[PDB]
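J.:
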Amino acid sequence: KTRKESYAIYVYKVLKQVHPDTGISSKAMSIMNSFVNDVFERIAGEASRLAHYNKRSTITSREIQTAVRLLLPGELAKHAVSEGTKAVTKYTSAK
Amino acid sequence: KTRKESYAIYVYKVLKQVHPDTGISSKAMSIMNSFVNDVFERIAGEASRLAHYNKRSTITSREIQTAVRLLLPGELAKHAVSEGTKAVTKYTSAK
Amino acid sequence: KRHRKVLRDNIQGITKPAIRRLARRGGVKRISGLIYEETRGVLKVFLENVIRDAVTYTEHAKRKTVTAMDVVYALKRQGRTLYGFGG
Amino acid sequence: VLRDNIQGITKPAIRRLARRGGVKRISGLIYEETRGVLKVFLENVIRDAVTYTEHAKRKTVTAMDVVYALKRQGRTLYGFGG
Amino acid sequence: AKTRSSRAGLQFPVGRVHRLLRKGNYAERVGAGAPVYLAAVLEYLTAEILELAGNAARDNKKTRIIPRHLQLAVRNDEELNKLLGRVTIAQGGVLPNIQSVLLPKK
Amino acid sequence: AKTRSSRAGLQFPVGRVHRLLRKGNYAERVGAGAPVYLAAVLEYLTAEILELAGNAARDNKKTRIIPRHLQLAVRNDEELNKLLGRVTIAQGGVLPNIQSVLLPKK
Amino acid sequence: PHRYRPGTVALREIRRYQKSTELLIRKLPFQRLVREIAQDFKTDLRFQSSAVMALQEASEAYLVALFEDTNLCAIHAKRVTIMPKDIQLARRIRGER
Amino acid sequence: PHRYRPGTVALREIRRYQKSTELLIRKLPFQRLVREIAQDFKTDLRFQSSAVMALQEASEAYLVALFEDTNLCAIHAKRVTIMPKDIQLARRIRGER
DNA sequence: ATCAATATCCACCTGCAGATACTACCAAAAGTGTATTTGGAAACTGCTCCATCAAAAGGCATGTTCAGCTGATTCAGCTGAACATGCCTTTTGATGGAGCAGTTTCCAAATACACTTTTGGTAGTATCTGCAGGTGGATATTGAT
DNA sequence: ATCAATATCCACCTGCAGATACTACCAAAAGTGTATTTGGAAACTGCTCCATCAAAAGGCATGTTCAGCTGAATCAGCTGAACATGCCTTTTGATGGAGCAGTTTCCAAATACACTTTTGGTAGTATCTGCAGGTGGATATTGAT
Ligand SMILES: [Mg+2]
Numbered sequence: 028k029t030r031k032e033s034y035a036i037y038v039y040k041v042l043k044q045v046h047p048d049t050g051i052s053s054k055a056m057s058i059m060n061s062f063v064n065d066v067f068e069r070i071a072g073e074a075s076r077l078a079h080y081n082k083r084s085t086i087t088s089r090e091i092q093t094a095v096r097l098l099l100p101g102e103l104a105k106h107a108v109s110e111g112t113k114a115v116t117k118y119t120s121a122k
Numbered sequence: 028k029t030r031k032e033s034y035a036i037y038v039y040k041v042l043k044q045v046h047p048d049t050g051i052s053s054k055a056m057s058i059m060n061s062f063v064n065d066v067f068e069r070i071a072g073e074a075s076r077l078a079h080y081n082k083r084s085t086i087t088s089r090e091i092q093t094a095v096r097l098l099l100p101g102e103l104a105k106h107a108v109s110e111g112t113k114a115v116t117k118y119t120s121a122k
Numbered sequence: 016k017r018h019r020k021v022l023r024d025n026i027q028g029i030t031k032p033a034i035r036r037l038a039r040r041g042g043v044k045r046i047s048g049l050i051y052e053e054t055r056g057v058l059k060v061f062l063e064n065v066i067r068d069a070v071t072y073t074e075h076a077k078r079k080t081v082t083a084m085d086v087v088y089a090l091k092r093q094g095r096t097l098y099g100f101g102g
Numbered sequence: 021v022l023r024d025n026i027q028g029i030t031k032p033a034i035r036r037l038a039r040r041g042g043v044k045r046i047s048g049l050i051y052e053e054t055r056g057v058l059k060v061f062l063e064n065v066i067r068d069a070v071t072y073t074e075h076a077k078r079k080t081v082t083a084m085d086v087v088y089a090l091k092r093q094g095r096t097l098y099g100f101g102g
Numbered sequence: 014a015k016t017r018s019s020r021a022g023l024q025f026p027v028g029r030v031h032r033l034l035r036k037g038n039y040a041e042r043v044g045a046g047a048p049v050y051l052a053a054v055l056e057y058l059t060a061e062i063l064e065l066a067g068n069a070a071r072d073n074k075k076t077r078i079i080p081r082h083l084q085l086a087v088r089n090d091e092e093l094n095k096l097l098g099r100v101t102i103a104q105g106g107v108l109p110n111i112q113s114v115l116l117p118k119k
Numbered sequence: 014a015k016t017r018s019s020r021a022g023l024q025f026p027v028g029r030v031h032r033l034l035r036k037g038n039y040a041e042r043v044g045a046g047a048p049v050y051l052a053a054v055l056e057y058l059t060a061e062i063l064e065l066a067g068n069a070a071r072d073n074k075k076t077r078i079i080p081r082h083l084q085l086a087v088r089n090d091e092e093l094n095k096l097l098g099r100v101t102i103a104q105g106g107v108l109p110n111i112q113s114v115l116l117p118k119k
Numbered sequence: 038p039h040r041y042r043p044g045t046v047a048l049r050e051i052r053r054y055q056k057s058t059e060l061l062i063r064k065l066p067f068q069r070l071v072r073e074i075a076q077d078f079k080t081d082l083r084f085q086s087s088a089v090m091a092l093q094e095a096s097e098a099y100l101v102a103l104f105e106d107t108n109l110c111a112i113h114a115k116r117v118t119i120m121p122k123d124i125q126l127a128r129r130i131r132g133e134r
Numbered sequence: 038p039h040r041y042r043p044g045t046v047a048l049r050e051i052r053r054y055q056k057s058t059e060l061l062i063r064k065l066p067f068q069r070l071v072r073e074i075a076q077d078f079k080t081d082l083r084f085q086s087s088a089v090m091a092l093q094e095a096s097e098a099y100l101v102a103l104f105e106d107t108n109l110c111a112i113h114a115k116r117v118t119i120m121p122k123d124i125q126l127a128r129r130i131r132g133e134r
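Written out as C-alpha cells, the structure reads:
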C-alpha cells in the first residue's frame with residue numbers, strides 16, 4: 028500500500044503563516060507540490076553541473092547559492108540568497 | 028600540462044573511413060568535438076531520467092535506446108538504433 | 016474480447032464552436048473561415064509529438080497503460096511543463 | 021571626440037548583420053533598436069558568465085564561463101570547448 | 014533531539030531534502046549546508062506564491078486558494094512569470110487582456 | 014589484451030565512454046552494453062555529419078573541411094537541422110536565401 | 038426583431054472566456070482523437086483518465102497561447118481577422134519551424 | 038557619371054554576406070562594450086581572448102537570426118523595410134518579451 | 001534596340017599559416033584477473049480503476065441575412081539608398097606582469113554503520129463548510145430612431 | 001438624446017462535494033552516536049597569455065540628391081458574425097474485469113579492488129601543403145539613352 032510523499036503539510040504550514048484564514052484546494056495543493064519539485068530539480072541540476080565544471084565531487088551550500096543566482100530572476104534571487112544564507116548560519120550555530 | 032582529452036583522433040579516423048582524401052581544420056574539429064560532447068550529454072541525460080522514472084539503479088542499453096528514440100528525428104533514430112544494436116551484438120559474440 | 020470500433024476522422028470532433036471559444040480565450044475578435052482546418056492540422060501535430068514521446072515512456076516501462084506521468088514527462092521533454100497532474 | 025561604447029556598434033556594422041539576415045531595406049530607427057537588443061542580450065549572457073567566474077574564484081572570464089552561460093540560456097555554441 | 018529543520022528555523026523538511034539530493038545522483042557528496050540552504054530557498058519561494066495567491070483569492074471574495082488564484086498570482090508578477098515562463102498551470106486560464114484596436118468606436 | 018572498441022567494431026572509444034558514464038552521475042550503475050551502444054550512436058552521427066560536410070567541401074572545390082562546410086551540411090539536411098535547431102556553429106554563416114518579394118522586377 | 042452588431046457578441050465572448058478556466062473542447066471527442074492518434078503509434082493501449090485530461094490541459098493552453106501570438110501577427114498586418122498566414126508566421130517565429 | 042539604383046547594392050551585399058562567415062562587428066568596439074557591461078557585475082575583470090570571441094560569435098548569430106524573423110514580420114505587413122515594430126513583434130513571439 | 005561602366009568570373013601563381021607526421025615519455029587510462037555485493041526478472045496474487053455500457057442533459061449544425069472588413073487602386077510626399085575620401089579609429093604586432101593552473105599538504109567534514117527514537121503517510125470512520133449553481137429581481141449596456 | 005431589448009450584476013439560498021477532523025497504528029524515515037576516509041582549501045610559484053601601447057592599416061562619418069517605398073484615402077465586393085431553428089451527441093452514474101503494482105524469492109551481472117599493459121596527449125623538433133590573395137583577361141549585368 029505504497030507511501031507517496033508530498034510537500035503538502037509544509038506548504039500548508041507556510042500558508043497558515045501568511046494567510047491564517049485562507050484554505051487551499053487539493054488541485055491547488057497538487058500544483059504547489061509540482062512547483063516545489065520542479066524548482067528543487069532545477070536548482071539541484073545547476074548545482075550538479077556547476078560542481079562538475081569545477082572538478083568537485085561535493086555539492087555544498089555554495090553550489091546551491093550560485094545555482095540560485097543562475098536560476099532565479101533579480102529580486103527573487105537576492106531574497107532567496109538571504110533566506111538560505113541565514114538558514115545555514117543559524118544551522119551552523121545550532122549544534 | 029594537465030591532460031586535455033578530446034574525440035579528435037576518433038573523429039579523424041571516421042573522417043578517413045568516410046572521405047579518405049578529405050582533411051579537417053582545427054576549428055571544424057573543435058566543433059565536431061563539441062557536437063560529440065553535446066550529443067553524449069543529451070543521450071546520457073535522458074537515459075538517466077528513464078532509469079530514475081522506472082525505479083532502476085542501472086543505465087542499460089535499453090535506456091540508451093529509448094533515449095535515442097526520444098531525442099533523434101525519425102530516420103536518424105532508426106539508423107542510430109540499428110548501429111547501436113549492431114555494435115552490442117558484435118561485442119557479445121566476441122571472445 | 017469480441018470486436019472493437021474503428022477510430023477515424025476524430026479530428027472533426029474539434030468543432031468550429033470549440034475552436035472559436037479557444038480563440039476567444041486567446042483574445043481573438045474575428046476569425047477567417049480557413050482557420051478551423053489550419054487549427055485542426057496544428058493540433059494534430061502537437062498531439063502526435065506529445066503522444067509519441069508519452070507512448071515511448073509507456074513502452075519502456077513495459078506497460079499497456081499510458082499514465083498521467085508518461086504525459087507529464089513527455090511534456091517536460093518538449094519544454095511545455097505542466098503542473099496539476101503529479102508532475 | 022568622446023563616444024559611448026554602444027555607439028561603437030556602428031550603422032554599417034548593423035547594416036552588414038541585417039544583410040546576412042537577408043534584409044534589403046532598413047529604417048533609420050533600426051540602428052538604435054538593435055543596440056538596445058544587443059545590450060539586453062549581452063547583459064543576460066555576461067551576467068551568467070561572470071557568475072560562473074566568481075564561483076571559480078577567478079578574475080578572468082574564460083571561454084568556458086561564456087560557453088556554459090550560452091548553454092543555459094538555450095543558445096549552445098560549438099567551437100570554443102565543452 | 015531537535016530536527017535539522019527547527020535547528021535552521023525552517024518549516025520545510027531538511028531531512029527529506031538531504032535524502033532527495035542523495036538519491037538524485039547530482040554528485041558524489043552532499044555538504045550538510047546544501048539541504049539547509051535548498052530547503053530555505055524552497056520555503057521562501059512557496060511563501061512568495063502563497064502570499065500573492067492568497068491575495069487573488071481575497072480579491073475574488075474567496076477563502077480557498079484554487080488553481081485560478083495561483084495563475085493570477087504568477088502571471089501578474091514579473092519575476093514569478095519569468096521563472097515559470099515555460100510552465101502550465103492546469104485549470105488556471107489566462108489574464109483578461111484585449112488588444113486596443115479590437116475595442117469599438119474610436 | 015584486445016580493446017572493447019575493436020571488439021565492438023568501432024572507432025569510438027568504448028572504455029572512455031564507459032568511464033564518462035560512470036563519473037557523470039547518471040545512475041548508481043552502468044550496464045556493460047550501454048557504453049558500447051552509446052559509442053556506436055556517437056560514431057554514427059559523426060560519420061553522418063562528416064559524410065555531408067565532406068560533400069560540401071567537394072562542391073566548393075576544397076579538400077579541407079572548415080566550419081562553413083559543417084554549417085552547410087547541417088542546415089541543408091532536415092534531420093540534422095532539427096537535432097541542432099538550437100545550436101550555433103561558430104564561423105558557419107547562413108544559407109544563401111533571399112525572399113522572393115525582395116527580388117527586382119523583371 | 039433585435040440584433041447586436043458584428044463584433045459586439047465577439048467581445049462579450051472574449052470577456053467571458055478570459056474570465057473562466059473550464060476546458061473549452063468537449064471531453065469525449067478529445068478522448069477519441071487521443072486514442073486514434075495513439076493507436077496509429079501502437080495498438081492495444083489503454084489510458085488513465087488523468088492522462089487524457091493532462092493532454093487536454095496542455096493542448097488547450099498551447100492553442101490559446103498560439104492564438105494570442107496569431108492575433109498579434111494579424112494586428113501587425115493592420116487587420117483584426119486572424120488568417121492561416123498569421124498562424125504560420127507565429128509558428129515560424131516560435132521555431133516550430 | 039554612373040549610379041546604381043536603390044536596392045541594387047543592397048541585394049549585392051545580401052549575396053556577399055550570405056556567402057562569407059567573418060564577423061561583421063569590429064573587434065575592438067565590441068570588446069569595449071563587453072567590458073563595460075561586465076563592470077556592472079564585477080569590477081577589475083579580465084577576459085580570455087577566446088571568451089570575447091565566443092561572445093561575439095554568439096551575439097552575431099543571434100542578431101542575424103533575429104533580422105531574418107524581423108524581415109518575415111515586415112513582409113507579413115506587406116513592406117520591404119524593417120522597422121522597430123518588426124523587431125518588437127519577433128521578440129514578443131519568440132518569448133523574449 | 002546600342003553602349004559603356006563596372007561587377008563578376010575563372011585560370012594560373014605562390015608564401016606561409018596552419019596542417020600533419022614522428023619520436024621518446026611518462027602519467028594515466030584502459031584492460032585483465034578474483035573476491036564480493038546487489039539489482040531486477042519471474043512468479044504469484046491482492047485489488048485499483050479502466051473499458052464499457054444505459055439514461056439523462058444541453059450544445060451543435062445549418063441557412064439566412066447584411067455589416068463592415070479586406071484588399072485593390074491610386075497618389076503624394078517622406079525617407080532611406082547611393083555616392084566619394086581623408087580623418088581617425090581599429091588592427092597589428094612587440095613586450096612587461098597578472099593570474100591561472102599544477103603541486104603538495106593535512107584536517108574539517110565527508111561517508112559509513114548500527115541500534116533508537118520520531119513522524120509523515122493512510123486508513124477507517126466521523127462531522128464540517130465553502131461555494132457552485134439556482135433563483136428572482138434591481139442596474140447597465142447596446143443599438144434603433 | 002429617449003425608448004426598449006437583453007445582458008449583467010448582486011444578493012440571498014439550498015445541497016453537497018470536497019475538505020478538514022481523530023483515533024489508531026506503523027514502516028520507514030530521521031535522528032543520534034561513534035568509528036574511518038578524504039576532498040578541497042590553503043600556500044607557494046612557474047609560465048602562459050592578457051592589457052597595454054607604437055606603428056601601421058584601411059573602414060567609416062559625412063551631406064547631397066532623388067528613386068521608390070510607405071501610408072493615407074477611397075470604395076466595391078463579399079466574407080464572416082449574428083441568430084433562428086431543429087435535434088444529435090455528450091455527459092453523467094452505474095458495474096464486471098484487465099493489468100498495475102506490491103511483496104519475496106533467487107541468480108546473472110556489476111562493483112571493487114589490485115596488478116600489468118597500453119595508448120593517447122604533449123612536447124620538442126622538424127616537415128609538409130591547401131588555399132587565400134593577387135594578377136590578367138574574358139564576359140555578364142546594370143543602367144542610361
Ligand atoms: Mg488508425
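Protein chains in written order, with the deposited numbering: chain D, 28 to 122; chain H, 28 to 122; chain F, 16 to 102; chain B, 21 to 102; chain C, 14 to 119; chain G, 14 to 119; chain E, 38 to 134; chain A, 38 to 134.
Beta carbons: idealized from backbone N, C-alpha and C, even for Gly.
Use the C-beta contact count for residue 116 of chain C: other C-beta atoms within 10 angstroms, 16 or more gives buried, fewer gives exposed.
T.: exposed
J.: Please identify, using Cβ separations under 7 Å, the residues of the segment 43-69 of chain H that lie next to chain B, in order along the chain.
T.: 54, 57, 58, 61, 62, 64 and 65
J.: So, using beta-carbon positions, are residue 105 of chain C and residue 81 of chain C closer together than 9 Å?
T.: Judged by beta-carbon spacing, residue 81 of chain C lies within the 9 Å limit of residue 105 of chain C, meaning their Cβ atoms are closer than that value.
J.: Could you spell out the range, first to last residue, of the beta strand (DSSP E) harbouring residue 101 of chain C?
T.: DSSP places residue 101 of chain C inside the beta strand (DSSP E), whose first and last residues are 100-102.
J.: Enumerate, from N- to C-terminal direction, the unbroken beta strand (DSSP E) stretches of 3 or more residues contained entirely within the segment 85-119 of chain C.
T.: Counting only runs of 3 or more, we get 100-102.
J.: For residue 98 of chain F, which residues in chain D fall below 7 Å Cβ to Cβ?
T.: 58, 61 and 62
J.: How about the segment 57-64 of chain E and the segment 79-98 of chain A: do they share at least three Cβ pairs that are nearer than 8 Å?
T.: no
J.: Taking the C-alpha atoms as reference points, what is the distance between residue 73 of chain E and residue 109 of chain A?
T.: Going by C-alpha positions, residue 73 of chain E is about 36 Å away from residue 109 of chain A.
J.: Considering only the alpha carbon of each residue, which of C:100, C:91 and C:34 lies closest to residue 59 of chain D?
T.: C:100
J.: Any beta carbon of chain B sitting closer than 9 Å to that of residue 30 of chain D?
T.: no
J.: Please confirm if the segment 82-91 of chain H is in contact with the segment 46-63 of chain H, defined as three or more CB-CB distances below 8 Å between the two stretches.
T.: no
J.: Roughly how many angstroms separate the alpha carbons of residue 103 of chain E and residue 26 of chain F, rounded to a whole number?
T.: 18 Å
J.: Assuming residue 51 of chain E contacts residue 39 of chain F (C-beta within less than 8 Å), just tell me the rounded distance between them.
T.: 5 Å
J.: Which runs of the alpha helix (DSSP H), 4 residues or longer, sit entirely within the segment 87-116 of chain D?
T.: 88-98
J.: Quick one: what's residue 98 of chain F bridged to in DSSP?
T.: In DSSP, residue 98 of chain F forms a bridge with C:102.
J.: Whose C-alpha, out of C:29, C:37 and C:85, is nearest the C-alpha of residue 108 of chain C?
T.: C:85
J.: Indicate whether at least one CB of chain G lies closer than 9 Å to the CB of residue 99 of chain H.
T.: yes
J.: With which residues is residue 51 of chain D paired in a DSSP beta bridge?
T.: C:78
J.: Within 10 angstroms of its Cβ, does residue 83 of chain B collect 16 or more other Cβ (buried), or is it exposed?
T.: buried
J.: In terms of alpha-carbon separation, which member of G:50, G:53, G:38 and G:62 lies closest to residue 79 of chain G?
T.: G:62
J.: Just checking, does the segment 106-121 of chain E make contact with the segment 106-125 of chain A on the three C-beta pairs under 8 Å criterion?
T.: yes
J.: Tell me residue 43 of chain G's beta-bridge partners as DSSP assigns them.
T.: H:86
J.: Nearest-angstrom Cα distance between residue 56 of chain B and residue 110 of chain D?
T.: 34 Å
J.: Closer than 8 Å: is that where the CB of residue 30 of chain D sits relative to any heavy atom of ligand 3?
T.: The ligand content of the structure shown is limited to ligand 1, which means ligand 3 is not among them.
J.: Taking 9 Å as the cut-off, decide whether the C-beta atoms of residue 114 of chain D and residue 22 of chain C are in contact.
T.: Yes.
J.: For residue 22 of chain F, is the beta carbon positioned less than 8 Å from some heavy atom of ligand 1?
T.: yes
J.: Starting from residue 94 of chain B, find everything on chain H with Cβ-Cβ shorter than 7 Å and list it in chain order.
T.: The contacting residues do not exist; residue 94 of chain B stays about 13 Å from chain H at best.
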